[PDB]
Amino acid sequence: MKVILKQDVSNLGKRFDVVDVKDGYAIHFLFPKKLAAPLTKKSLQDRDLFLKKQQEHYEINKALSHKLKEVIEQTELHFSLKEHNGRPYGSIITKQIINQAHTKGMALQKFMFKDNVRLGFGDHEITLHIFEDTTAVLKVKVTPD
Amino acid sequence: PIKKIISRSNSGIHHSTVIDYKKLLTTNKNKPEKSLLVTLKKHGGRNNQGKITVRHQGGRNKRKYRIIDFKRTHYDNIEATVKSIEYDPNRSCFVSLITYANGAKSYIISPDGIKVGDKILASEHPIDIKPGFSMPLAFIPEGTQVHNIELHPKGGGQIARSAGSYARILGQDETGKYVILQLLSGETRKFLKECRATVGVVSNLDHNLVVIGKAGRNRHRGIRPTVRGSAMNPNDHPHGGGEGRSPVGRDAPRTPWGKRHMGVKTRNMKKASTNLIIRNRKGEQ
Amino acid sequence: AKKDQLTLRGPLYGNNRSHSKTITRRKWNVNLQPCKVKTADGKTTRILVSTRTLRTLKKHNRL
RNA sequence: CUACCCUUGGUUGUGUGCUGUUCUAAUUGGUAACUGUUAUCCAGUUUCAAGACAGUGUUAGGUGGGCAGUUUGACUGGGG
RNA sequence: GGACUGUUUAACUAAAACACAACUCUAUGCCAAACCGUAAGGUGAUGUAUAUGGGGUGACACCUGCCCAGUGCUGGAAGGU
RNA sequence: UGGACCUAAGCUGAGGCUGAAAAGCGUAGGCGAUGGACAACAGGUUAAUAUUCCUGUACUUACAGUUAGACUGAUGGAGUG
RNA sequence: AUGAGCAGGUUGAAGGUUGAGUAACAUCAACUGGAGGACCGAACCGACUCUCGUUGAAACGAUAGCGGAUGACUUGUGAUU
RNA sequence: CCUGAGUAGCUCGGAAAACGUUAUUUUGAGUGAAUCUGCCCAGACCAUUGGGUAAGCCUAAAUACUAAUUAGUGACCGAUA
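Residue numbers (the entry's author numbering), protein chains in the order written: chain f, 1 to 145; chain a, 2 to 286; chain v, 2 to 64.
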């Protein structure tokens, strides 16, 4: 059981703070967006240290969200689909985007997307939410071979 | 068509029937095409260590399995030309050798009403309405006959792949899946519209007409003679034994094991396939 | 074997009883729960954990 | 007039379960794709399908000679 | 009597017994029912209901009559528990 | 004739999985003729050997140098086996 | 899974061609046919029987038969429960 | 600041303790404290009081035995032992 909230306001009316639902496994260990620190050290010595850590984390989250929003504006994706003259014969998933991100060396996780399988060709622009802070906007060119 | 032959044997008579096999097929001698055959071995009811698991299996003759394409998604949108209808000794149905329009051949299932030289297609798009064509079930109107339906999406045709098998179309569900089909078992199942199948009834509906005629013909298929439960020893299977025939024992007699075999429901409702049932041939759902 | 790598513990070996106290050798197996291990190795996998040990590691924040 | 306690109508709402939702995010897969690999074993990612179900363990129900161990008196002009 | 040809208690008893084609009833939709071990797992089966399994009958043609009172099997909402 | 060639149902089994252990499932491999391609005949010889000792009658595939031409193509796939 | 065997002789079916016949049939005739849990019958499998032996020549035999003896075949090699 | 945390304990079935499960140890399952002021122990428990502060590790000595190297002894036997 963990009793520390992290990375956001947890989808309900509350302040982004320590208080959490009385489960410890509600979404905590199933969400990479739920982190914490050992409660043994977080009795009284870690109060201000974790307050400043939370503030610094909020600042860097804003900064890196903006930096990634700027980066995706120049790393427009390019893909292909083998189709019967445009008739559906291929599949579009997040997996190829994950593989190209892998090759680039940077990391894109599951929580940076909300889709399971997609479709479409040509040049098209997409907008996927990441948090209440920012929202990623990208462009992709899929060639319908 | 089944027919009898006057054998003039001096050991009783026989009611065995054999199908002509030549007003429907050709090449009664084994003349297959290489690189598309796999030799199969029989198990005779034995396990991987040689212990019995199935009863009265044995005596089957050697049979070379034909490499059939069941998933059929390896190469799509290429039109195939039917070249032959070959007997399949591995199953009650027959295989069909077709030739693609790119320079390859394959084996498929043989539905009833097909001819040599016809052209077929297996694609994920709507295609010509001919027995044999395969397309997503959402594109098929009601009132047709379908066979060789897969349960796994892109898994391969497993359900309803014996001779004289079919499925009655019973509409489609809102969720884009769970198409209702009346199967040739008394059941009614909601399959996945993502799953595909080969339309048309399986060939050889006359399989109900062939007569084995003698124990010998049955043994060579792979079915061995087995003793009735009453004649078993009072210790091997306690329904009888000793001198004189005796009436069967307790109500709802037993198998070699303690299970019933007349009215026991051996299927449980603790699987995901339970939600896929509409009619259970003993009531509803 | 029916045991997790953290503590290689199998079933506990006892004697079953009844209303008439019938002697019967018996074993109570462990309630092993399978979960993914969160650590830095190169690729995470799924291992079995004892629930009491799971509570210990969660209360010490062992991921 | 104000007050102790109610039956009875709405009433506010906490603390738990009964089902009807939705999702996957744990979990399962003898779905498929990629990789080790070359290897229908196995493992990792994705996918597909469910999904807090199932399954497992704990405790107990119901069936349960499939299987185990038991019990099966005496006198009796043999014995029953 | 057994349709038949056939298996059978080695070294007392070969067949009205068993088997048997076929008939019939029933369970079983895939990771099938089921079976094996405990479990992975394997067979059924590298099979898909016209198939497997079990019970009954056991050339051939015709019939198999009264019955669910108790038990088995299935379905079950009322009430007690 | 059997191996230095390969495979048969099958066995073992690097790793991996299951199970207190032992041990089982189980992949690559590695085994597995009772099969598959696989190059010599006759006659004479001893108390005891013969397609093996000896006489004539054909050679074989590898390996080189040598002579001339020529580019060869598998580990992959096909035919064949 | 890899192989072998069934001496010899009967036997004239289904099937297809032709003709008579018939509108076409049926019914018949000649031709390929050697099919047939077909037959007789060597070797072979078994013991259904008579006799002999019964501390036998043999811990199950000799014996003359017998049914099968192209298939519900037998046997061989190795594994197999 | 600290002196061994899912710790002592509580609940469902047990195992060891003379005990067939009770003071005491552990748990297959679930829950779950505390801080020397406090905690545990004092064959249920509790008040006072007494002892010790568990919940990390290790150790020769007194522990049995001879496959034996050797020396010695047999109210040990003497080829049926």
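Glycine residues also receive a C-beta, built at the ideal position from the N, C-alpha and C atoms.
For the ligand ATP, any of its heavy atoms closer than 8 Å to the Cβ of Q96(f)? Ligands in the displayed structure: none, and consequently the ligand ATP is not present.
Proximity of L35(f) and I4(f) at Cβ, strictly below 9 Å: yes
State yes or no: is the beta carbon of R56(v) nearer than 9 Å to at least one beta carbon in chain f? yes
For the alpha helix (DSSP H) containing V71(f), name the first residue and the last one. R47 to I72
Over what stretch of residues does the alpha helix (DSSP H) that includes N91(a) continue unbroken? First-last for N91(a): undefined, no H or E at that position.
Okay, do the stretch 69-77 of chain a and the stretch 150-163 of chain a touch, 3+ Cβ pairs below 8 Å being the bar? yes
Indicate the three-state DSSP secondary structure (helix, strand or coil) for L58(v) in the structure shown. helix
In whole angstroms, what is the alpha-carbon distance linking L138(a) and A198(a)? 8 Å
Let me know if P132(a) comes out buried or exposed under the rule of 16 or more other beta-carbons within 10 Å of its beta-carbon. buried
Any idea what DSSP makes of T52(v), helix, strand or coil? helix
Could one say the Cβ of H84(f) lies closer than 9 Å to chain a's Cβ atoms, at least one of them? yes
Segment contact flag, the stretch 217-233 of chain a with the stretch 186-205 of chain a, C-beta cutoff 8 Å, min 3 pairs: no
Step through the CB atoms of chain v and report whether any lies within less than 9 Å of the CB of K53(f). no
For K52(a) and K260(a), I'd like the C-alpha separation in whole angstroms. 21 Å
Could you work out which residue in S10(f), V137(f) and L44(f) is closest to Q74(f) when comparing CA atoms only? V137(f)
Run through DSSP, which three-state label would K52(a) get? coil
Hey, is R87(f)'s beta-carbon within less than 9 Å of any beta-carbon in chain a? yes
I150(a) versus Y167(a): straight-line alpha-carbon distance, rounded: 10 Å
Would you verify that the beta carbon of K59(v) is, or is not, closer than 9 Å to some beta carbon of chain f? yes
What span of residues does the alpha helix (DSSP H) with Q183(a) cover, start to end? No alpha helix (DSSP H) contains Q183(a), which is instead part of the beta strand (DSSP E) from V180 to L184.
Between which residues of its own chain and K4(v) is the CB-CB distance below 6 Å, once the five residues before and five after are set aside? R10 and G11
Less than 9 Å between the C-beta atoms of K39(v) and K2(f), yes or no? no
Please go through the same chain and pick out, in chain order, the residues whose beta-carbon is closer than 8 Å to the beta-carbon of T18(a), but skip the five residues on each side of it. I3, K4, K5, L210, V211, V212 and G214
Could you work out which residue in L12(f), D20(f) and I60(f) is closest to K6(f) when comparing CA atoms only? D20(f)
Can you tell me which residues form a DSSP beta bridge with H124(f)? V140(f)
Per-residue contacts from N78(a) into chain f (C-beta, under 7 Å): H84 and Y89
Counting beta carbon pairs with one atom in the stretch 27-47 of chain a and one in the stretch 112-119 of chain f, are three or more of them shorter than 8 Å? no
Could you tell me whether the Cβ atoms of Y66(a) and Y22(a) are closer together than 9 Å? no
Short-range partners of chain f found in the stretch 55-77 of chain a, where Cβ spacing is below 9 Å: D77
I need the DSSP call for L206(a), collapsed to helix, strand or coil. helix
With which residues is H84(f) paired in a DSSP beta bridge? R87(f)
Cβ pair count under 8 Å reaching 3, the stretch 48-67 of chain f against the stretch 25-33 of chain f: no
Establish whether the CB of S135(a) and some CB of chain f are separated by less than 9 Å. no
Can you find a C-beta in chain f that's less than 9 Å from the C-beta of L64(v)? yes
What is the residue span of the alpha helix (DSSP H) that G217(a) lies within? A216 to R222
Work out the CA separation of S274(a) and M106(f) for me, nearest whole Å. 42 Å
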